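K.L.:
I would like the atomic coordinates for the input below:
(6 chains, ligands or ions: 8)
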Amino acid sequence: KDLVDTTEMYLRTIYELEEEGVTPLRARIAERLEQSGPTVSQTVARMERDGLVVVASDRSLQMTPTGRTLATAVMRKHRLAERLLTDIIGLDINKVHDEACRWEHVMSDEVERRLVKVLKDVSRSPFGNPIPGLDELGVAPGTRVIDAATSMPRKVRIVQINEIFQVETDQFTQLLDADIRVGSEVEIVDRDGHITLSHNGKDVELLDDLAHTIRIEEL
Amino acid sequence: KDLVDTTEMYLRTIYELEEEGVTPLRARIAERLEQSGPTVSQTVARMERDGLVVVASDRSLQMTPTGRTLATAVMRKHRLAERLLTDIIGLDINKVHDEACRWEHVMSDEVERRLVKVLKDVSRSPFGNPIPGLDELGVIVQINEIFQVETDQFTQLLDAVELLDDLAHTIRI
Amino acid sequence: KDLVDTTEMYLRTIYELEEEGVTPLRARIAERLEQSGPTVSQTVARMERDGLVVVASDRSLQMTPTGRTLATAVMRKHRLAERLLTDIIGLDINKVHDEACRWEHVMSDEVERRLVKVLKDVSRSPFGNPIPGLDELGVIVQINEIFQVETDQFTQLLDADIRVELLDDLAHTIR
Amino acid sequence: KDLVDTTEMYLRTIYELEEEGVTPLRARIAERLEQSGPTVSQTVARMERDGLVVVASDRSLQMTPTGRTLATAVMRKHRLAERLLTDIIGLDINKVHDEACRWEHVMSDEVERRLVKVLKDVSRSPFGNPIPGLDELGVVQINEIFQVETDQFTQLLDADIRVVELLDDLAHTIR
DNA sequence: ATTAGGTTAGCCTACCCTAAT
DNA sequence: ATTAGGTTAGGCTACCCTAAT
Ligand SMILES: [Co+2]
Ligand SMILES: [Co+2]
Ligand SMILES: [Co+2]
Ligand SMILES: [Co+2]
Ligand SMILES: [Co+2]
Ligand SMILES: [Co+2]
Ligand SMILES: [Co+2]
Ligand SMILES: [Co+2]
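P.N.:
Numbers count the residues shown, from 1 in each chain, chains lettered A, B, ... in the order given. Ligands and ions are numbered 1, 2, ... in the order given. Next comes the structure:
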């Protein structure tokens, strides 16, 4: 509980929502960042006042070009940090997202560029999330799981884990324990209502809300 | 202008002053952090209220054990970051201290430990400043932290000079 | 923007609110004196520290006896000044309230007493507001003090020769 | 102890010193206003920063035109207030100067003008001090410094003196 | 006067919250 | 999502002071 930089985490969140294909609403930000209704509405006002974003006629949040540009740089900083954190520092894979959620707000554009050099590929984050706006820096999609599951199960390759899932602890640690990592060969079914994955005989039942947050391949 | 974490930079500063052999005075913090007199005196009161430091009978700042502990952890995180930044990331040597001045406030204990591993020696910072409290972590002589900030006078030092009487007691050896 | 004496204007405000039958809340003072929330809450704390007022269990502001006394003395000084300003100096009637809003803070008790003498009746202010705590001094019915400040809406009231529809907020203003 | 408006009493004092023929020095303000040395040197710095006055090469204080202008307005307000206090309000003559020392900082230009009208002559203050800058308004004597010296002044009043041995310092006070 | 170090009153903003709508 | 009323942390200026230069 300390966004480090409120404005940034708000924009990164709208960004995220757009990524997951969800409609950016004050309500989303609220639940996602565990902040009171009044609170987020006001912090957003401030943002709008700084032409960072605008509350549409339909209550949806449209980042101004400038707000959008920043949101993107933060997401980029995040994934780049994650990569460094794991590839170079070798920090525990679970702690990786949290550390980054912090660093994203204090990493310079220079350091970023240096990273690009020092890092092998910078296509995606350790979780398969594509690193954006590498252009501003000046330097294929997988199927949501919720879409690939069936009555009869099938093996398939984990391709992407959304930033929103990385936050769902009990849910994330769980999968992380089934020793599921990007690239894992996993099994998936729509058994009586819910979707589940199984890597090492271990089964992880995805929250209906999260089923959408995991992109898949086809082996 | 954004300490990232006020309390931390205040403590790190008291620590720093102690390092340079200067008496920690609210006044110091003020000039060093370019903050109003009333401001630092207040922020410090807050600190004292949280048993992080106490204003001596002679107005000097004595970090409580706890305060001292944190102050140290910060300095440690700072220098470690610097090392990482230069040795691994290879970020320009002038920008290094600034970046670290930020990272020091968002670097976890683990990352620190991982660093010790991935880093060659962790005796001192790239500026020769001895990395402290590596024990609780569970694991020319030097240009003081205060000089690393003096851009103009430091780059004149890198161009290699006469140092301001104030920055005199800054470079040890 | 210069209360001249902050503490006084805060207490006079609580008094006023009481007059208008409104509940004295930090929020009131905030909007009325156009000061930030944290600000008034702090200045009020200072006040409470000086036993001038106490924030009730329900967040309402109860002036201590001593705070109350002062609040009153200020209201009195205010109305007395207004009377002198109009009756004797003959200063323009709109400017009267403002000038008084200043003088209330620098008028001695003596001057007050002298005014009592030099002035005809000292029952109410030029705007019909009853002048208070005269006992202690040792010597349309009315437009509340809050309305007197509402320049635009007040001059619209004066343009009607009143000694006009009023904003719902200014409703409970003219007794 | 409450200048009401610090900058004003500072400028009014420099003005006053000039009147008494004394050289305006930070030191004077300090003693006259019973304020610490560092305090006045700083407050004055502020003033200078606001082009209200400048500290001469010889440490003397030269009010800028603008500073001068205000200084004048204050003195004007002062004496005008005194006249009203005595002539109209009829407030005790000793208390008169003090009350005015306060009002000078909260009296508007209008009330001043109104005063000009309501008052007989506005040549000098009740103490014989010539009321200045009336021209700008758009419409022998006991120096201001003596009027403050209560003990020595009441000793002067006990002799029935209107516009004995005076302290060598208070000598250049009565013109 | 100035250096040195500190103090109170009086203000503001960015952020967070709960109760009640 | 808003209305209503607070909050803390962190920062600021104007103005006033004692002690030691
Ligand atoms: Co992440
Ligand atoms: Co974050
Ligand atoms: Co450093
Ligand atoms: Co820092
Ligand atoms: Co009035
Ligand atoms: Co007032
Ligand atoms: Co006089
Ligand atoms: Co005065």
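
K.L.:
check whether stretch B:14-27 contacts chain D.
P.N.:
No: Stretch B:14-27 is not in contact with chain D by Cβ under 8 Å from any Cβ of the partner chain; minimum separation 15.2 Å. (C-beta placed from N, C-alpha, C; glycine too.)

K.L.:
Other residues contacting the longest helix anywhere in chain B?
P.N.:
Ordering each helix of chain B by length in residues (DSSP state H) puts helix B:65-83 first. With Cβ atoms under 8 Å, 6 or more residues apart in numbering or on different chains as the test, helix B:65-83 has contacts from B:8-9, B:11-12, B:14-16, B:47, B:51-53, B:63, B:96-97, B:99-101, B:103-105, B:107, B:112, B:115-116, B:119, B:122, B:124-127, B:129-134, B:136-137, B:145.

K.L.:
which residues are in contact with the helix or strand hosting residue A:195?
P.N.:
Per DSSP states H and E: residue A:195 is located in strand A:194-198. For strand A:194-198, the surrounding residues in contact (Cβ under 8 Å, 6+ apart) are A:145-146, A:149, A:175, A:178, A:180, A:186-189, A:203-206, A:208, A:211.

K.L.:
Give me the subset of these that lies in helices.
P.N.:
Mapping the contacts of strand A:194-198 onto helices (DSSP H) picks out A:145, A:146, A:175.

K.L.:
And chain A, what are its domain boundaries?
P.N.:
A:1-72, A:73-139, A:140-219 (curated CATH domains).

K.L.:
Output those as CSV; include the columns mean neighbour count.
P.N.:
Shown next, in CSV, are the domains of chain A (neighbours: other Cβ atoms under 10 Å in any protein chain shown):
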stretch, mean neighbour count
domain A:1-72, 16
domain A:73-139, 19
domain A:140-219, 16
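
K.L.:
what about those domains, which gets the closest to residue B:86?
P.N.:
Distance to residue B:86, taken as Cβ to Cβ, is lowest for domain A:73-139 among the domains of chain A, at 10.4 Å.

K.L.:
can you dump the C-alpha coordinates of the longest helix seen in chain A into PDB?
P.N.:
If you go by DSSP H, chain A has its longest helix at helix A:65-83. Provided in PDB are the C-alpha atoms of helix A:65-83 (Å, rounded to 0.1, in the frame of the first residue of the first chain):
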ATOM      1  CA  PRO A  65      -2.300  11.900 -25.800                       C
ATOM      2  CA  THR A  66       0.100  13.200 -23.100                       C
ATOM      3  CA  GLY A  67      -1.500  11.100 -20.400                       C
ATOM      4  CA  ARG A  68      -1.300   8.100 -22.800                       C
ATOM      5  CA  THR A  69       2.300   8.700 -23.500                       C
ATOM      6  CA  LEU A  70       3.200   8.600 -19.800                       C
ATOM      7  CA  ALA A  71       1.100   5.600 -19.100                       C
ATOM      8  CA  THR A  72       3.000   3.800 -21.800                       C
ATOM      9  CA  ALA A  73       6.400   4.800 -20.500                       C
ATOM     10  CA  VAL A  74       5.500   3.400 -17.100                       C
ATOM     11  CA  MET A  75       4.400   0.100 -18.500                       C
ATOM     12  CA  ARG A  76       7.700   0.000 -20.500                       C
ATOM     13  CA  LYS A  77       9.700   0.800 -17.400                       C
ATOM     14  CA  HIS A  78       7.900  -1.900 -15.500                       C
ATOM     15  CA  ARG A  79       8.500  -4.800 -17.900                       C
ATOM     16  CA  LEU A  80      12.100  -3.600 -18.500                       C
ATOM     17  CA  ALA A  81      12.700  -3.600 -14.800                       C
ATOM     18  CA  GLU A  82      11.100  -7.100 -14.500                       C
ATOM     19  CA  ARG A  83      13.500  -8.400 -17.100                       C
END
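
K.L.:
which element is residue B:45 on?
P.N.:
Residue B:45 belongs to helix B:37-49, assigned by DSSP H and E.

K.L.:
can you tell if that helix touches DNA strand E?
P.N.:
Yes: using Cβ under 7 Å from any atom of the strand, helix B:37-49 reaches DNA strand E at B:37, B:38, B:41.

K.L.:
And the spatially closest residue to the first one that is not a sequence neighbour, how close does it get to ligand 3?
P.N.:
Think residue B:37. Of all residues not flanking residue B:37 in the chain, residue B:30 sits nearest, at 5.6 Å (Cβ to Cβ, 6 or more residues apart in numbering or on different chains). Here residue B:30 is placed at a distance of 21 Å from ligand 3 (Cβ to the ion, to the nearest Å).

K.L.:
Residue A:96 now?
P.N.:
Residue A:96 is 26 Å from ligand 3, where distance means Cβ to the ion.

K.L.:
Likewise for residue B:58?
P.N.:
29 Å.

K.L.:
That residue: which element?
P.N.:
Residue B:58 belongs to no helix or strand, assigned by DSSP H and E.

K.L.:
Count residues in the vicinity of it, would you?
P.N.:
By other Cβ atoms under 10 Å in any protein chain shown, 8 other residues sit near residue B:58.

K.L.:
And the helices in the chain?
P.N.:
Using chain A. A:6-19, A:26-32, A:37-49, A:65-83, A:93-103, A:109-118, A:134-137, A:145-148, A:169-177.

K.L.:
my bad, the chain I had in mind was chain B
P.N.:
Counting by DSSP H, one finds helices in chain B at the ranges B:6-20, B:26-33, B:37-49, B:65-83, B:93-103, B:109-118, B:145-149, B:151-158.

K.L.:
I'd like the ones you listed as TSV, with mean neighbour count appended.
P.N.:
Formatted as TSV, the helices of chain B follow (neighbours: other Cβ under 10 Å):
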stretch	mean neighbour count
helix B:6-20	21
helix B:26-33	18
helix B:37-49	15
helix B:65-83	22
helix B:93-103	20
helix B:109-118	18
helix B:145-149	20
helix B:151-158	14
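
K.L.:
So for ligand 7, which of these sits nearest?
P.N.:
helix B:37-49 (35.8 Å; Cβ to the ion).

K.L.:
now for the closest one, which elements pack on it?
P.N.:
helix B:6-20, helix B:26-33, strand B:53-55 (3 or more Cβ pairs under 8 Å, 6 or more residues apart in numbering or on different chains; DSSP states H and E).

K.L.:
Kindly provide the distance from the residue of chain B found nearest chain C to residue C:58.
P.N.:
In chain B, the residue that lies nearest chain C is residue B:42 (11.9 Å; Cβ to the nearest Cβ). Separation of residue B:42 from residue C:58 (Cβ to Cβ, to the nearest Å): 30 Å.

K.L.:
likewise residue B:146?
P.N.:
Going from residue B:146 to residue C:58 by Cβ to Cβ gives 52 Å.

K.L.:
With residue B:61 instead?
P.N.:
Distance from residue B:61 to residue C:58, by Cβ to Cβ: 42 Å.

K.L.:
Return the residue of the chain that is most distant from the centre.
P.N.:
If you meant another chain, say so; for now it's chain A. Residue farthest from the centre of chain A, counting by Cα atoms, centre = their mean, is residue A:152 at 29.0 Å.

K.L.:
actually it's chain B I care about, not the one you picked
P.N.:
Relative to the chain centroid, chain B (Cα atoms, centre = their mean) has residue B:57 farthest, 25.4 Å.
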